[PDB]
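J.: Respectively, the protein sequence lines represent chains A and B.
Converting from the first sequence to full-length UniProt numbering requires adding 65 to each position, the first position being numbered 1.
Converting from the second sequence to full-length UniProt numbering requires adding 64 to each position, the first position being numbered 1.
Quick reminder that beta carbons are idealized off the backbone N, C-alpha and C, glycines included.
Input: one structure, supplied below.
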Amino acid sequence: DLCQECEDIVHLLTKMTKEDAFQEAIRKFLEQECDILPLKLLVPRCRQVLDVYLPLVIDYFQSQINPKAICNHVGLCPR
Amino acid sequence: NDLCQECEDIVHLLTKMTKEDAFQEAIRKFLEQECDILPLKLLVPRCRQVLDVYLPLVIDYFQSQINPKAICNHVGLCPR
Ligand SMILES: CCCCCC/C=C/CCCCCCCC(=O)OC[C@H](COP(=O)(O)OCCN)OC(=O)CCCCCCC/C=C/CCCCCCCC
Ligand SMILES: CCCCCC/C=C\CCCCCCCC(=O)OC[C@H](COP(=O)(O)OCCN)OC(=O)CCCCCCC/C=C\CCCCCCCC
Ligand SMILES: CCCCCC/C=C\CCCCCCCC(=O)OC[C@H](COP(=O)(O)OCCN)OC(=O)CCCCCCC/C=C\CCCCCCCC
């Protein structure tokens, strides 16, 4: 049941993004990855992209989202 | 505070989902669509080719002999 597993992942992400520890951990991990391969080459200006977009993703998962619509958008739930 | 367990749960869900071909097909279609538009079109040079090369590798990685706690340790959500 892909739809339900995707919805569960979305729910878990909504829970995890509420903790500052989560943001700090993912920030440090991605900052380390941005300085080495593969990301260093695959994503130009990796660190700046990270600085700008990690807070936006955190906010997004803390906002009023529609899990079934999200999972439909990526093709894992029907409409 | 129990981020470690939530991370392990996400990893387990991903391992389950990567077992289905419908998953690979759907994520492939979604990311192929995204590679042709903003933001990815600009953030990831040669997005479509990067996708073609790396999506099977990520799928295999989550289908392989992995330890969810080890992944979560690597990304800093379980302590070690
Ligand atoms: C490039 C190839 C790399 C190999 C694979 C490695 C995967 C990397 C994941 C990067 C994917 C970046 C996709 C960015 C596309 C995007 O910005 O669309 C998000 C849109 C736009 O939202 P808004 O403009 O704010 O308006 C609607 C309000 N809800 O939001 C969505 O509805 C979709 C959210 C996607 C997150 C869903 C996560 C659920 C988990 C599913 C299973 C796990 C697979 C995840 C793979 C990535 C797919 C997101
Ligand atoms: C570019 C930053 C933009 C900020 C927004 C973030 C949006 C989407 C996430 C972008 C995905 C980029 C991830 C880079 C992964 C990478 O290149 O690292 C390679 C390494 C090399 O693997 P190995 O050393 O062989 O593993 C041994 C450990 N047992 O990959 C890894 O180690 C595994 C990392 C996978 C972690 C996923 C676990 C899921 C946990 C929580 C999900 C919620 C957080 C999502 C962010 C994590 C992104 C990976
Ligand atoms: C790894 C499995 C974990 C599953 C968790 C899902 C992880 C990430 C979900 C992605 C977050 C989507 C939420 C959208 C919320 C939002 O408002 O952002 C939408 C914005 C819209 O962008 P714009 O505002 O239009 O900017 C235009 C100016 N350039 O889009 C995004 O946030 C997406 C940014 C992500 C940047 C991706 C860069 C990394 C991409 C590919 C790296 C591939 C590495 C693979 C290596 C694997 C090695 C084996």
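Just to confirm, is the Cβ distance from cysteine 136(B) to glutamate 72(B) under 7 Å?
T.: Yes.
J.: Any heavy atom of ligand 3 within a distance shorter than 6 Å of the CB on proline 103(B)?
T.: It does: the Cβ of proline 103(B) is within 6 Å (strictly closer) of some heavy atom of ligand 3.
J.: Please report whether the beta-carbon of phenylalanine 87(B) lies at a distance below 7 Å from any beta-carbon of chain A.
T.: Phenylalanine 87(B) counts as touching chain A.
J.: Assuming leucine 77(B) and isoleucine 74(A) are in contact, meaning their beta carbons sit under 8 Å apart, how far apart are those beta carbons, in whole angstroms?
T.: About 5 Å; that satisfies the 8 Å criterion.
J.: Which chain A residues sit within Cβ distance under 8 Å of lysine 80(B)?
T.: Per Cβ cutoff of 8 Å: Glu70.
J.: I'd like to confirm something about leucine 121(A): is its beta-carbon nearer than 6 Å to some heavy atom of ligand 3, or not?
T.: The answer is yes for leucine 121(A).
J.: Would you check whether ligand 3 has a heavy atom nearer than 6 Å to the C-beta of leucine 107(B)?
T.: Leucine 107(B): yes, Cβ under 6 Å from ligand 3.
J.: Contact defined as beta carbons within less than 8 Å: I believe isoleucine 123(B) pairs with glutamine 88(B). What is the distance between those atoms, to the nearest angstrom?
T.: With 8 Å as the limit, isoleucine 123(B) and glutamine 88(B) qualify as a contact, their Cβ atoms being about 6 Å apart.
J.: Would you say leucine 107(B) and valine 114(A) are within 7 Å of each other, going by their C-beta atoms?
T.: A contact, by the Cβ cut-off of 7 Å.
J.: Would you say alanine 86(A) and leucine 121(B) are within 7 Å of each other, going by their C-beta atoms?
T.: Cβ atoms of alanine 86(A) and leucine 121(B): not closer than 7 Å.
J.: Please list, in chain order, the chain B residues whose beta carbon lies closer than 7 Å to that of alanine 90(A).
T.: Correct list: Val139, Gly140 and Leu141.
J.: DSSP state of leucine 104(A), grouped into three classes?
T.: In this structure, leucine 104(A) counts as helix in the three-state DSSP scheme.
J.: Roughly how many angstroms separate the alpha carbons of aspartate 100(A) and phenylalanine 94(A), rounded to a whole number?
T.: Each residue's alpha carbon lies about 10 Å from the other.
J.: Using CA atoms only, rank isn't needed, just tell me which of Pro103(B), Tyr118(B), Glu98(B) and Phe126(B) is closest to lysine 80(B).
T.: If we check each option's Cα against that of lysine 80(B), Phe126(B) comes out closest.
J.: Within this structure, are the beta carbons of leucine 119(A) and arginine 92(A) separated by less than 7 Å?
T.: For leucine 119(A) and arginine 92(A), yes; Cβs fall inside 7 Å.
J.: Quick one: Cα of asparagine 65(B) to Cα of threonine 82(A), how far?
T.: Distance between the alpha carbons of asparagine 65(B) and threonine 82(A) is about 11 Å.
J.: Ligand 1 and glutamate 98(B): does any heavy atom of the ligand fall closer than 6 Å to the residue's C-beta?
T.: Yes.
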